[PDB]
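Respectively, the protein sequence lines represent chains A and B. Per this note's numbering: the first sequence = residues 227 to 306. Per this note's numbering: the second sequence = residues 25 to 93. Think of the CB as a built atom: it goes at the ideal place given N, C-alpha and C, for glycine as much as any other residue. Please read the structure below before turning to the comments.
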Amino acid sequence: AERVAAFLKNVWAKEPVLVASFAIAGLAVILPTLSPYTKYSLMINXXXXXXXXXXXXXXXXXXXXXXXXXXXXXXXXXXX
Amino acid sequence: XXXXXXXXXXXXXXXXXXXXXXXXXXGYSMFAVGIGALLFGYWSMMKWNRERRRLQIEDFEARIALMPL
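Below is the structure:
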């Protein structure tokens with residue numbers, strides 16, 4: 227080792243708070259790209275309606291039913 | 025007989041000794057509790073946030089269900 231293990235312990239000796247400022251902030255960029263859970267959070271964010279539902283005129287349409295409990299469009303069922 | 029001030033030895037009080045000593049935390053042990061509290065912290069917090077989603081959709085559903093409003 228030349229700078230991986232040799233230079234890392236020098237930061238711990240003088241001004242040790244500098245280690246945490248690079249490590250914690252560094253992991254905050256790497257983790258949201260590789261972990262297989264980040265795509266689930268966007269799904270619920272799009273599913274939650276802020277505005278009222280809009281009614282469209284039906285003339286030969288697939289996956290569209292009444293407001294009553296029936297299999298239509300998609301409807302969120304991701305984890306309970 | 026003449027009486028004056030008397031000397032006492034016994035233990036001689038024990039002068040100049042370091043009474044300061046490290047206690048409880050050592051170094052590596054406290055970091056295992058520190059990150060351990062963080063790992064327990066985020067995991068328990070996000071479970072309530074997922075439980076909030078059950079309420080979140082259901083609360084906004086009231087506006088969609090009520091159109092005579």
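{"Item": "What first and last residue would you give for the alpha helix (DSSP H) that runs through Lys240 of chain A?", "Value": "From DSSP, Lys240 of chain A is part of no alpha helix (DSSP H); its letter is neither H nor E."}
{"Item": "Run through DSSP, which three-state label would residue 23 of chain B get?", "Value": "Nothing in the structure corresponds to residue 23 of chain B, since chain B is present only between 25 and 93."}
{"Item": "Can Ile250 of chain A and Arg77 of chain B be called in contact, C-beta distance under 8 Å?", "Value": "no"}
{"Item": "Are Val245 of chain A and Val237 of chain A touching if we call contact CB-CB under 8 Å?", "Value": "yes"}
{"Item": "Apart from the five residues just before and just after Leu253 of chain A, which ones in its own chain have a Cβ nearer than 7 Å to its Cβ?", "Value": "none"}
{"Item": "Helix, strand or coil: which one does DSSP assign to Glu228 of chain A?", "Value": "coil"}
{"Item": "Taking the alpha-carbon positions, what's the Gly51 of chain B to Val57 of chain B distance?", "Value": "11 Å"}
{"Item": "Give the straight-line distance between the Cα atoms of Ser261 of chain A and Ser68 of chain B, rounded to the nearest whole angstrom.", "Value": "19 Å"}
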